[PDB]
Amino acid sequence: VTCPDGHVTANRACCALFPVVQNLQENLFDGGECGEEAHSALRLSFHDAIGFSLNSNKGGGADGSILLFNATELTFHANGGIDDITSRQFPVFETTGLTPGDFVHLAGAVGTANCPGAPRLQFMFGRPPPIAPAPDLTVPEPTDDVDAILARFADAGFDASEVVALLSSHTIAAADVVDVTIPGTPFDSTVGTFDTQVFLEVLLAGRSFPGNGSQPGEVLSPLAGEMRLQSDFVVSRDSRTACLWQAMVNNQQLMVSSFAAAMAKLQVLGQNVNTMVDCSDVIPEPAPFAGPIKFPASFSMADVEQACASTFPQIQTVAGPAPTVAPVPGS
């Protein structure tokens, strides 16, 4: 099929999406950047989709409920920071004609593709409008323990392997509301790169808080300007998840493959995949990221708090002063 747009595709139903993706890239992602809006779109995709249970009715999953029922879902504590994300998305969404769910999930996949090293995520298309808001408490909190995290994910259909896979997202992530004095504080020292740096950096001994001291949801971090979530800390070190976490360190392909597979499930939670169309070809091709990660300057294996009995990966050390991580620019 040649779309009237000129683009070629497997299914005519995907033709609408080529202009939408251009709209996103220009008017949401500032010309296809791995910046605030791209990171935000991935976070929104997770918040929308996790409003789902295999067992009980905890929402329609990846239905775009978090947009259509924005007023309700933005009242929930774990959706802190989401208002800024949806506020910025709405002007773009409004000119697309898409269901809220197809828009949220497309934007999350396109945004991810803007980050060097990221997978080109599967994009299934065809999410009917949402019927109801998710209830409260579907989204994990950074103060949650591993029991609670693993329980919530399992309820939605994800095992421990998949939880670690999905936390790869924190390689391109910053916090705006855990400490409102330091918006845009990243979780790793390569917030514009979809690499395995966050898996290493969370394993370093934490030494300081990045902003206005101790705030609920964070723990001591190893670098000035870097935030460490309490949830990432406990998942990295718990016996159920530690080997999974360590395996990601300096293993770019394991991270990307694991993440790609888990995201393909996440982004269709609640949906009837047999009634959807494969429109994966509308997602931009991401820039590659091969070479290895390295320790931040001044650190070494002495500073790693190794939580798994497997031999730790060999990672190059860098001579120099400990680095300061810059905040992410607001837009």
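All residue numbers refer to positions in the sequence shown, first residue = 1.
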Out of 143 to 151 and 241 to 249, which stretch has the higher average CA B-factor listed in the record?
143 to 151
Which of the two stretches, 83 to 91 or 167 to 175, shows the higher mean Cα temperature factor in the record?
83 to 91
By the entry's C-alpha temperature factors, tell me which of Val282, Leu42, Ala49, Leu54 sits highest.
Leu54
CA B-factor placement of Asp102, once the chain's modelled residues are sorted into thirds:
lowest
Pull the Cα B-factor of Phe158 out of the PDB entry and bin it into the chain's lowest, middle or highest third.
middle
Which third, lowest, middle or highest, does the C-alpha temperature factor of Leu74 belong to within its own chain?
middle
Temperature factor at the Cα of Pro210, chain-ranked in thirds, falls in the highest
Split into thirds by Cα B-factor across the chain's modelled residues, where does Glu37 land: lowest, middle or highest?
lowest
